[PDB]
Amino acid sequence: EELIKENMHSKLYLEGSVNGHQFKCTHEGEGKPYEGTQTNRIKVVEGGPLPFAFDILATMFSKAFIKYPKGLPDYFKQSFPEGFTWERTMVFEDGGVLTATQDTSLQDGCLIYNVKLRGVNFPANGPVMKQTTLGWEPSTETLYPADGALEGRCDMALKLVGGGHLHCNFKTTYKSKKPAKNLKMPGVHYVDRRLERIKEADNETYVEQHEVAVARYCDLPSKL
């Protein structure tokens, strides 16, 4: 954690395909990893403008920026200098599936993100391909220790134009590149998040996102 400063910058490279359309993205981001906040400036550098709602990519663009209270070990910040990876599946209730993998490394004080994603079977008449989405609802991920890794589970929803939601189930595995003997494993815990688009230009080829993420134990009373 000594390497994760109170202010950190990040650079991201992303390659993907959705319904067979190839594209690339970059971001420059900065945030306050112990305050759980960050902002990224995202560019679609190849294959843009995209024929599908940029919203579906918004969670591809940062686990080192979660505010962890003292007494809840921070798996992500503990992983440095080696860093960590994640492998995610996103299943939309109208048929679209996205799988993605991500490498997070630290070079010269800068966080480097490498993402690869593949999305298929998004319906031609659905809100993703028609671009009638309006951002994600805030969410809670549960994180479960599993053999040195964390498993995350999260139900998320995209707001739609005209009202209602398109539901999406997220399953993620987070893996430290550090040896397990050097990590204190957290228990089961929860990460509350709010992802907001703060600005866009040029048919979503330029996007500014803000995220706040705060980790906690379950604070409800316990009889046992």
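Throughout, we count residues from 1 along the sequence that is shown.
> Note how many residues of the deposited chain are left out of the model between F61 and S62; the options are none, 1 to 3, 4 to 9, and 10 or more.
1 to 3 residues lack coordinates between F61 and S62.
> Looking only at CA atoms, which has the higher mean B factor in the entry: 139-147 or 105-113?
Taking the mean C-alpha B-factor of 139-147 and of 105-113, the larger value falls to 105-113.
> Which has the higher mean CA temperature factor in the PDB entry, 181-189 or 160-168?
Result of the comparison: 181-189.
> For the listed residues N125, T85, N121, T99, which one has the largest C-alpha B-factor as given in the deposited model?
By C-alpha B-factor in the record, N125 ranks first.
> Going by what the PDB entry lists, where does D155 fall on CA B-factor within its chain: lowest, middle or highest third?
Answer is middle: the recorded C-alpha B-factor places it there.
> Sorting the chain's modelled residues by C-alpha B-factor, tell me whether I42 ends up in the lowest, middle or highest third.
Answer is middle: the recorded C-alpha B-factor places it there.
> Mind checking which third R216 falls in for C-alpha B-factor across the chain?
Its C-alpha B-factor belongs to the lowest third of this chain's values.
> Using the B-factor values recorded in the entry, state whether the Cα atom of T205 falls in the lowest, middle or highest third among the modelled residues of its chain.
Middle third of the chain for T205's C-alpha B-factor.
> Sort the modelled residues of this chain by their C-alpha B factor and say whether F65 lands in the lowest, middle or highest third.
For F65, the deposited C-alpha B-factor lands in the middle third.
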